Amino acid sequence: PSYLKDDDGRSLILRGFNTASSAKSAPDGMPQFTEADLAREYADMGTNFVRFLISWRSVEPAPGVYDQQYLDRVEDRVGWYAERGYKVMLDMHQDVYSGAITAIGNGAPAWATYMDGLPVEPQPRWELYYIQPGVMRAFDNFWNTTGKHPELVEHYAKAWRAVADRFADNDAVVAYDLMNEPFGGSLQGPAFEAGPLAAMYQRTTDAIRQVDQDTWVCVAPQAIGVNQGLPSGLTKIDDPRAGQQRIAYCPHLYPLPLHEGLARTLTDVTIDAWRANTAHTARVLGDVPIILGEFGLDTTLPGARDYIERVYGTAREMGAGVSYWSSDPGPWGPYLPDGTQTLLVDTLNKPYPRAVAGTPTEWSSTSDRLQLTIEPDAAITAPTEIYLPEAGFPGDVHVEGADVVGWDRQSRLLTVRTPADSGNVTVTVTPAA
């Protein structure tokens, strides 16, 4: 597998949350999430990544007019993450196109929503709004399948350029996720993914690269079908940056059965199919890094822990980053509304390598042990950086295979140094006696 890298050339293993669904309908575009909430997250789970929801409607409230005060608010939040050593992926988020479809949808500004008078009647599940005539038309207009709105993708690309212009020099931002769960309307499958979807990604990448040459551009397949383990027809996106391509692949995982009986078997084979397809499309895109941009479930469902642990194990084997859906309060999230921890906290709170001085070829961890094998890179001078939870590591560390450079018992960051001229190096970290 391939990895995103920090400025020191270290390979990044990304672990965090989507923050947050509450942003979707917030008048000011911000999630109901405070700096104290982030402090709690970090203290409880030692996460190092966030998929932070932004919105086109907040970026471009009128055609060609960008809201710099909104971008100030996003920058403020990114600062909270920066102060705690997080890396940030900005997600241009939508579901069901726009709030203006009837609230139910979110994403596009009202001026960019053309339903052409076609109906959007109430449905028993939110996902079924996607196939209502007015919503299908709004998407068909956006992709210019109707031929009536070529301007919409151009506006979208330039809205992304405005965001990239603000964040190009932001050391905490590592990725731009160009579109949440792309939906093709009357176009579905390769006709959509290799057609207007890929075309929008190319135009948007090109626009972004006018102002930001180094942030990873992350592209998703269409969500319907592919979320459930079907193949993607997405095609390769060109990166005009000088030097190596910085495109990454950011699919989601939402097995149909969602964890017991035949449902468990179906979910397990879905993971297998999803893995094979994800690996294939990551190759098509140029042997690119993978970020599992969303997965999640009601943690109060029997079998939830086993599912979660299998997904993280799979991500680890694939060298994938993970942003769990989501940090929002409730049974899916790490905390219930009153602040009580769910199953997720103890499940996610395990040792992991955050930034590796070389390619991690394999690793494992339990509550009181981490082992990591590194393919060396002599060019990297920064140490390997590892998270160790206090539960299992209440005092000092015992490290075999590396020299301890620092052990910060407050931030929970262990830094170690390994030789680069002795082949692959295995580092094992356990609690001091």
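Quick note: we count residues from 1 along the sequence shown, nothing fancier.
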Next on the checklist: Our gap detector needs a label for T102 to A103. Which class matches the unmodelled residues of the deposited sequence there: none, 1 to 3, 4 to 9, or 10 or more?
Outcome noted: 10 or more
Item to check | Size class of the missing deposited segment between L258 and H259 | outcome: 4 to 9
Item to check | Mean C-alpha temperature factor, higher of 155-163 and 314-322 | outcome: 155-163
Next on the checklist: Tell me which stretch, 120-128 or 205-213, has the higher mean Cα B-factor listed in the entry.
Outcome noted: 120-128
Checklist entry - Highest CA temperature factor in the entry: which of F52, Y387, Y66, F49? => result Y66
Checklist outcome for this item: For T19, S11, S411, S25, the deposited C-alpha B-factor is largest at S25
Checklist entry - By its CA B factor, does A378 count among the lowest, middle or highest third of the modelled residues in the chain? => result highest
Checklist entry - Lowest, middle or highest third: where is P221 by C-alpha B factor in its chain? => result lowest
Checklist entry - If you rank every modelled residue in this chain by C-alpha B factor, which third holds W143: lowest, middle or highest? => result middle
Checklist entry - In terms of the CA temperature factor given in the entry, to which third of its chain does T361 belong: lowest, middle or highest? => result highest
Item to check | Among modelled residues of the same chain, the CA temperature factor third for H252 | outcome: lowest
